[PDB]
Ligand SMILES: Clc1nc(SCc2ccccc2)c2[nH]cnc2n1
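The chain that follows stands alone, in the form deposited without the named molecule, written as structure tokens.
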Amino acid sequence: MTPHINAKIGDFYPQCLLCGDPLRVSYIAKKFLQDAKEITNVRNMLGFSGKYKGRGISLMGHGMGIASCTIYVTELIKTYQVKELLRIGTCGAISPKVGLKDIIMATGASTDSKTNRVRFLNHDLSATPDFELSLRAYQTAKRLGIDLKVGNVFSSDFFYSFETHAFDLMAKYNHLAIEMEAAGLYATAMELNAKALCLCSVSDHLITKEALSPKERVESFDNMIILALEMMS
């Protein structure tokens, strides 16, 4: 149907959760959704549709990096009529204002990619989420007893960075964590007039070098899953 998704037209609900890892998406469908159905599996990049509290939710994996994420987000919006995209995932914290198990809401995504300069006149595109989704995240968190840590993330083309000396400057300008897709998810949604947000769970702190156990990673991520599913229903 598209080069990277083999779902039937109409297989996706208009609200879609996203993770880089398709096995995480599979985890969510199996453990949290009723009547979950795998609807796409091209390149092993799984997607699902199902129900949370009687409301249709879709789930899609998008792979690693801005360019992979942009492909899947573009197709979801343009072909499968997805309207709200909520990306959840882990991110490595870089600021003293956050600690392990915090959930970060990215109200901006800085980047070392050239993609937004290519998209946007070789100027500075401030890649931002949709405000209404941000507000709904904030209200849902408060009602679930989650204190969201709110600021920028830095979306890098590099997992193994050549600029680790720059993390302090990043944190100084209110970047709470690093990840690798948010700047692309946001720019793509701005391009295509869709609503997007990125929420990140802090499982590793890149400055203090603290890190969650395997058991603390699943329970931490489960709390962010419930935040996400509750703000979509």
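Residues that one form lacks are left out of the comparison. We call the rigid core whatever largest set of C-alpha positions still superposes within 1.5 Å between the two forms. Residue numbers here begin at 1 and follow the sequence given.
There is another form of the same protein, the form solved in complex with the named molecule; it is not shown, and what comes next is about it.
- Although the partner is absent from this view, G92 contacts the named molecule in the deposited bound form, with a non-hydrogen atom inside 4.5 angstroms.
- In the deposited bound form, no heavy atom of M190 sits within 4.5 Å of the named molecule.
- Contact between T70 and the named molecule in the deposited bound form is not found at the 4.5 Å heavy atom cutoff.
- Put simply, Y160 is close to the named molecule in the deposited bound form: some heavy atom of it is within 4.5 Å.
- Scanning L206, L33, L46, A194 against the named molecule in the deposited bound form with a 4.5 Å heavy atom cut-off leaves one residue, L206.
- Only one of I57, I28, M180, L185 comes within 4.5 Å of the named molecule in the deposited bound form through a heavy atom, and that residue is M180.
- Residues of just one listed stretch (152 to 160, 120 to 128, 138 to 146, 97 to 105) have heavy atoms within 4.5 Å of the named molecule in the deposited bound form: 152 to 160.
- 210 to 220 stands as the sole run between the shown form and the other one where every Cα shifts by 2 Å or more, at least three residues long, with the core as reference frame.
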